[PDB]
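Take a look at this one chain, the form deposited in one PDB entry, written out in structure tokens.
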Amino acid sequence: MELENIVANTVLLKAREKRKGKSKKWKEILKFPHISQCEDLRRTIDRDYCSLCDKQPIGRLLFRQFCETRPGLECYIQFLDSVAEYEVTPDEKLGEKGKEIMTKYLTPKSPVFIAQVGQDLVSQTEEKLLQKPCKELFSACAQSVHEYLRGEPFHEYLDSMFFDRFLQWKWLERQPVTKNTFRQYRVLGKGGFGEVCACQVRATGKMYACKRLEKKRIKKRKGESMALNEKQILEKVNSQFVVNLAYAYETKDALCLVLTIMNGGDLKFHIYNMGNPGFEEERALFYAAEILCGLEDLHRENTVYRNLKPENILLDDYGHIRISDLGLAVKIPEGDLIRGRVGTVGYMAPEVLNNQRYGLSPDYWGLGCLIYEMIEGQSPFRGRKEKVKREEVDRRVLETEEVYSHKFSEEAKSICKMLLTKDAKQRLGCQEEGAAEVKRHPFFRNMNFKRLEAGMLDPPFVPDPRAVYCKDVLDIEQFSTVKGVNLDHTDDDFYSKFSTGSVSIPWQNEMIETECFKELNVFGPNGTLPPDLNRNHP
């Protein structure tokens, strides 16, 4: 054993597990400013109910905490809470759970009666329950509450100390980010214009992955628009099955993307470096399902992926997966095809190999490639450790057909062949339906996709927290030192557009997840103004 490899992992493992890894002076770094400092944000902030009272996590909790100071509003908060529970109760007990809400919030004499719904809607919703139990029964009811809360309660909240406190939180959110903000750990993988390594916010202790983009390498390969495009894409998409962007900042030599940390490792590692090649169909099915949902979300914005291979699918602490490395994705102009000779050897669709125009098709070619590789333990057109000059592997993708073995079930064999059709016109999922045609394939007969997208399905494989499911730090491919490049001011503009600092919603989740919001979000005794919110004197 090499000690660089042992030490690198034990350090990463220690951080991953007092103070939850926070800094000693974290209460000073995240000290609220006096409200008198937040007048600029008070003007800039758009006064939108959905954003300030729901979408933004810390805003959501502060509005709820404000409504809980009034019995006349605490009921509405309890209704929206109960509706959420009803929306995740089993179809078996839906009918029952639907009766408590009605008998507890929707009766003239109920203890927590909410009156702003409408005597017509309560009855309209009352008949719906005798018809059939449905998780979307109270959709109109909960909406009627949002129509009332966004009126007077919202404007009363904007006048209260809780919204002032929100501005204070927003003042910290705006603070600049630098290399100081994080502490870097071992490298987890080579990719793109730099390397991916684990990092940790010093103030909060939350673990992330830092995808480094070396400045000298972007200029030398003219990948500037490609790096920027990756950043925007990661920002626009908000899917449970795609790496989420939390920060994007600049350093003297590189641009950095702070992404969700996936301690479970990539599927390429779980396919080849953990026992026999591939794994059981059960695992492939679950993963194929989540990948489908992740592709479905990327396709809603009409954005192709083109980069689907096992090393770009990752595993989190619980066993779920996310798609990573969106650097090859582009948003499509509606009704047009793109020419791009991009992709990985043995993972490019027949359309891309002929330098031919294509659309959303190459993604479903990749989905089939992954299902096959997970089950068979090898690429559909390349051996496990077989040396082929690119020219032939390419040929095989176009000319030769894949071969299946006893490892494949009838349904697994069927979904693969239907996803691995050379003619993109008659390829599964590439029809006008989109991912709907794929969700119905017999392969997904016991997979309740609606229940998967919610998160009520337990992953089949749970990674052990005290294991690093990755190659050792000294076995990671490295780059060659870039030479002859000098960073000019012409690129200072691109660096500025990229480095936009922290992303609001993820940042707020960081403060909530690490309990920083819990410990710091306090007020005076008896619910009085604390000094940082008192306008008489600091």
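Numbers for residues come from their place in the sequence shown, where the first is 1. C-alpha atoms forming the largest set that superposes within 1.5 Å between two forms make up the rigid core.
Of the other compared PDB entries of this protein that include residues on both sides, at least a third leave residue 479 without atoms. Of the two segments examined, 140-148 and 90-98, it is 90-98 that shows the higher average Cα temperature factor in the deposited entry.
Taking only CA atoms, the mean B-factor in the PDB entry is higher for 21-29 than for the other of 510-518 and 21-29. The top Cα temperature factor in the record, among 107, 160, 324, 251, falls on 107. Highest CA B-factor among the listed residues (128, 202, 155, 466): 128. Compared with the other modelled residues of the chain, the Cα B-factor recorded for residue 9 ranks in the lowest third. Ranked by C-alpha B-factor against the other modelled residues of its chain, residue 487 falls in the highest third. Per the PDB record, residue ranking by Cα B-factor puts residue 63 in the lowest third of the chain. Among all modelled residues in this chain, the alpha-carbon of residue 375 has a temperature factor (C-alpha) in the lowest third. Sorting the modelled residues of the chain by their CA temperature factor places residue 358 in the highest third.
Another form exists, deposited in another entry; not displayed. Remarks below refer to it.
With the core fitted between this form and the one not shown, just one of 246, 289, 255, 145 shows a Cα displacement of at least 2 Å, namely 289.
Shown in the overlay between this form and the one not shown, fitted on the rigid core, is a CA shift at residue 84 smaller than 2 Å. After superposing the rigid core, the C-alpha of residue 433 moves by 2 Å or more between this form and the one not shown. Once you line up the core between this form and the one not shown, the Cα of residue 378 ends up 2 Å or more from where it was.
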